[PDB]
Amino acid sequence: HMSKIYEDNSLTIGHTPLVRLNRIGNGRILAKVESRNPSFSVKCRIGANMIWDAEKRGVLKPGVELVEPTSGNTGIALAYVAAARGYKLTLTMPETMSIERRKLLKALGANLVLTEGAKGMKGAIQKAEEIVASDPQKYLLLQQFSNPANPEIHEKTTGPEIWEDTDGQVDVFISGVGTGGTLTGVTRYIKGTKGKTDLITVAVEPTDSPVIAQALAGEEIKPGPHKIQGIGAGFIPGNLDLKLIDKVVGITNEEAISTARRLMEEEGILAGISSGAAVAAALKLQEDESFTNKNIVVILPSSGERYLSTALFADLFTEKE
């Protein structure tokens, strides 16, 4: 894309590189590095577009302050966009969110409201609702799991970049599902706008919280705890369009961690746990002869630098090592 001066850092989102994996898999895995973003994750796109959309809809205007419950990369994305565009932001999250993330969020100007650790994200969602209810004219909740501006940005940026960078040669699209925006939006551009209805869209989820598989089977939703940060919220988000999914691959915590470590050591791509999960799903599909000659695009949501205090960098090296 074209040379310019960006008017603020929110406008720099996307155009992330698509990199061939040469040592992991058969040479047809193409990794889309979504840590090449202004706050270093796929969420940069949705922090930008949910705020731009709120501006366009007339609900974010001078005097209105943003609120969102998030203990993750969405909080970081909303923080840098609010700072870049001159909005006040309040984030709610359980008091168990890491010091690294609190430091980042405060440095970017966010106002943090810490909720009881025992109540997890449910307690943070309740606190965000309470804050907005205290002054609904003042506060705007963005609602990342249902706000259509989330999948919209992937329809307008992420998907077009995959189509253009592969010159239409993509055959398989793999996305670990958190909010579902990435899966939904990219698939709507490729299957819908470009008419490629035989794209294979693969949802990735934790083996220990396989709610997408349960929903497609018409079974009871029964989530569980797991370590693949950023995916597997334990329900079907509003922003996940189940009708667009062709296959669901469940990944273990250990598979996700080990494959993220391989991205770093074998490909030089700093990668988070969910990036390992998505590439591990590509490797499982390449066990099946139907996939042997397909070009597989995989989203890598985050950089392993954000994971130094997590399982990803634990049980890896001995004191002596």
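All residue numbers are counted from 1 along the displayed sequence.
Of the two segments examined, 175-183 and 133-141, it is 133-141 that shows the higher average Cα temperature factor in the deposited entry. Of the two segments, 306-314 and 7-15, the one listed with the higher mean B-factor is 306-314 (C-alpha atoms only). Sorting 245, 231, 79, 170 by the CA temperature factor given in the entry leaves 79 at the top.
When the C-alpha B-factors of 276, 58, 268, 38 are ranked from the entry, the top spot goes to 58. Split the chain's modelled residues into thirds by C-alpha temperature factor. Residue 241 is in the middle one. Among all modelled residues in its chain, residue 159 ranks in the lowest third by Cα B-factor. When the modelled residues of the chain are ordered by C-alpha B-factor, residue 64 sits in the highest third. Per-chain ranking of the deposited C-alpha B factor places residue 48 in the highest third. When all modelled residues of the chain are sorted by CA temperature factor, residue 197 is found within the highest third.
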